[PDB]
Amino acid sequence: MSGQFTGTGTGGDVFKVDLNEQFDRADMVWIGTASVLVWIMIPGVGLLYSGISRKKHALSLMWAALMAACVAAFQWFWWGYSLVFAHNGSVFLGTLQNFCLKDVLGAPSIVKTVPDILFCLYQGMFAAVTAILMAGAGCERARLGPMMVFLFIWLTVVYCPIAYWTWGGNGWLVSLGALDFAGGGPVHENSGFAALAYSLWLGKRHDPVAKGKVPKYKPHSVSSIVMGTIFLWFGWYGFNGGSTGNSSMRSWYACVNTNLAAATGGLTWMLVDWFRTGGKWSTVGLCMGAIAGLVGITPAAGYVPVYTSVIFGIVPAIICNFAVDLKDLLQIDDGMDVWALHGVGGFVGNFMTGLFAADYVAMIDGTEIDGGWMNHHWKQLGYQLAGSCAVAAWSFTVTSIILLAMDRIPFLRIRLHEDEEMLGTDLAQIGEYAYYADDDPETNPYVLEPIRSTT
């Protein structure tokens, strides 16, 4: 009544209009497909960080990726989607208008080429990838119940505001003119600086794997690193290629850029390791470099000329390779790989987007931007820096607050203090904890949960 297209609410009355008429069906099919591709990046992250670990994590990140997929999907449905994409938000956050996905259907989303329900599906996958990045960063000696509560809270008060600033209809970064093609800020810079908060507050200090004369690379499982990298690169075609919101050739241009940045990042990191080790070929390095390039090109993929995409592989690979060395300086391992690749890689990529963004690339699908230094738009670099600094500051500060607030509550403490924690070898001698004898997650039906030595 009339139930005709309004652009608001459900978008119209399904008994009176065909809501699908508002959209190009091929745009919808590509974004649906891209959503499925981003989903498989979730276990990709878990495999990557499980495999790279220089320490025996009690919690399997391959499995924790499924836990994160579950917690993030629930959070997104409950209020995460609404806090980012409620068509009625301020400049800093959305509302609870779409609590439990109420009225999320056929109105054109903030990306007008797809309906709200499909944009919900697609963007929810980005929240889930960020959730497993966070769980991976904070996995060492994590308690599962508190971790699940942490992820729910963290998505709500760290991810959702940063996502709103970046993608929301009235988000202040959107208004300012900052560029972030595929959500490098909300996903990579954000998780990376939240990881750093974890490292500096909850991470083990004077860590034996980061102390003195120790190997920079000492992986738990190279096959897991490689499988994770495979799922990440495969899924990243949806992550970046879908960020146009359409079936135009800007989507395919972004995929060409994505592939070339990954390729040049992998080769660059491996070449850097070759020079720095005096001629060794680094198995872990090739994979880390591909990830550095993928992260680097994320804010840029639909904005920069193809030939510049090689720079988004080379420069993040070099800078991230050296950022990893800060683990030796601080003597901290926990959380630091996620910071180095996603935090530093995300910052570098975001900065370089201000240099290389071009109006003629965005215009491939009619997207209008002033451009970067390629168009003599010098001020763009300042907009990029404003975004990167705001994301880093909010993520680091608020993540610190959550971690410490939960730490002060006995039943919510994410990681027990070392002096209250019982040894797995001692638990295994007790009848009611005999299952701690199987310290191998391949055969154990139960998570080897940290137990307080007061029971």
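Residues carry their position along the shown sequence, with the first being 1.
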Practice task
Using the B-factors recorded in the PDB entry, average over the C-alpha atoms of 250 to 258 and of 324 to 332, then report which stretch comes out higher.
Solution key: 324 to 332
Handout entry: Of 85 to 93 and 381 to 389, the stretch whose C-alpha atoms average the higher B-factor in the entry
Key = 85 to 93
Fill in the blank from the handout: One of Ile40, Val29, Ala69, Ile430 has the largest Cα B-factor in the entry, namely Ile430
Handout entry: Candidate residues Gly80, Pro208, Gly238, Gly345, the one whose C-alpha B factor the record puts highest
Key = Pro208
Practice task
Would you mind checking where the Cα B-factor of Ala34 ranks among the modelled residues of its chain, as the lowest, middle or highest third?
Solution key: lowest
Exercise for the section: Please rank the C-alpha B-factors of the chain's modelled residues and tell me whether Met270 sits in the lowest, middle or highest third. Expected result: middle
Completion exercise
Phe126: CA temperature factor from the record, placed by chain third, in the lowest
Completion exercise
Binned into thirds over the chain's modelled residues, the C-alpha B-factor of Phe411 lands in the highest
Fill in the blank from the handout: Tertile call for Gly349 (CA temperature factor, within chain, third-based) is the middle
